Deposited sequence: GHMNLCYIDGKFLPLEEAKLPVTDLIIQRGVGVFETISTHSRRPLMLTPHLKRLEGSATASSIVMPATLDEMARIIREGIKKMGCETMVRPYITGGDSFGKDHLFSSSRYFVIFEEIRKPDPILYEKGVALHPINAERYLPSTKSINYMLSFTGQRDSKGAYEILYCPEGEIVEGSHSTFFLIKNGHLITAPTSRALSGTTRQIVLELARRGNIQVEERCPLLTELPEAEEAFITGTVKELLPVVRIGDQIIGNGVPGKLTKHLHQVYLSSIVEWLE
């Protein structure tokens, strides 16, 4: 049950027992990609878009897939059935031991972490969160790499704001609400969020105008609302960015409305 698992070397292990060889370039060189897959009603949300993003992350990184996507789906479904609870699933693809003379990681490893889902505390949805702007970007923005060093080094999350242009969180898509419009960075600059996609579909159905541009930090004084999106956090209101209050400093009407519509509609994106 609630026992954390790691699928590795053909076996479901207890998470605490799973170990990776120190020869792996994930450890030595940060060469790895991953996903976060979450469940509602014990069914994986957006499993296929997640597994396709994993393959695109691996392929863009010159990592050969160590298993087929059908094999990764089989593992993730079996690990969910073992958990018998709301599960957060993280498949990892590693570099393995060698970057060959043909410029590929050909001996990639994989493993799959299964944990009980840990939603953000209700207080954070009620009051919203603060983001810490940095003058930095993610390079390879379509790749979901294991590199979170900058995310660590009292804000909930860092926000990549290269040259004052807001792109996205370390873990999260960023939305701004300004002159009634939903503003979010294009996926030429931000990761192709699965939550981002669902919100843009709910915005379309709600006749909510979407600008796919990077909002400037300098527009934040005129914004009504902000939120961040991810499979676990769903839509989390953002009330402060650095020392700039967003709107009236509390979660806004449209953020809460899109969150409700997301929870009402969520079964349509389950697999």
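Unmodelled region of the deposited sequence, numbered from residue 1: 154 to 159 only.
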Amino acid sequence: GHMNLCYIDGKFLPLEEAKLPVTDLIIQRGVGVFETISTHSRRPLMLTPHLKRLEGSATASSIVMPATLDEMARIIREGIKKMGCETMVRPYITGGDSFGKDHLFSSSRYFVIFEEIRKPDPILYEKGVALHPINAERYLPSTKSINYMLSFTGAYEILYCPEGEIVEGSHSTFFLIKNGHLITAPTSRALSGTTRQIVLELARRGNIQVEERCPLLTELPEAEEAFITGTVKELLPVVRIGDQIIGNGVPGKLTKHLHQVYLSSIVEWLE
From here on, numbers count along this sequence of modelled residues.
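On average the C-alpha atoms of 1 to 9 have higher B-factors than those of the other stretch, with 1 to 9 and 261 to 269 being the two compared.
In this entry, the higher average B-factor at the C-alpha atoms falls on 208 to 216, of the pair 208 to 216 and 44 to 52. Residue-level inspection of the entry shows that, of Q197, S142, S172, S151, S151 has the top Cα B-factor.
Of the candidates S188, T94, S98, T184, it is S98 whose Cα B-factor is highest according to the PDB record. Among the modelled residues of the chain, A130 sits in the middle third by CA temperature factor in this PDB entry.
In the PDB entry, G193 places in the lowest third of its chain by CA B-factor.
Ranked against the other modelled residues of its chain, the C-alpha B-factor of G30 as given in the entry falls in the middle third.
For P66, the recorded CA temperature factor ranks within the lowest third of the chain's modelled residues. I245: CA B factor in the highest third of modelled residues in this chain (values from the PDB entry).
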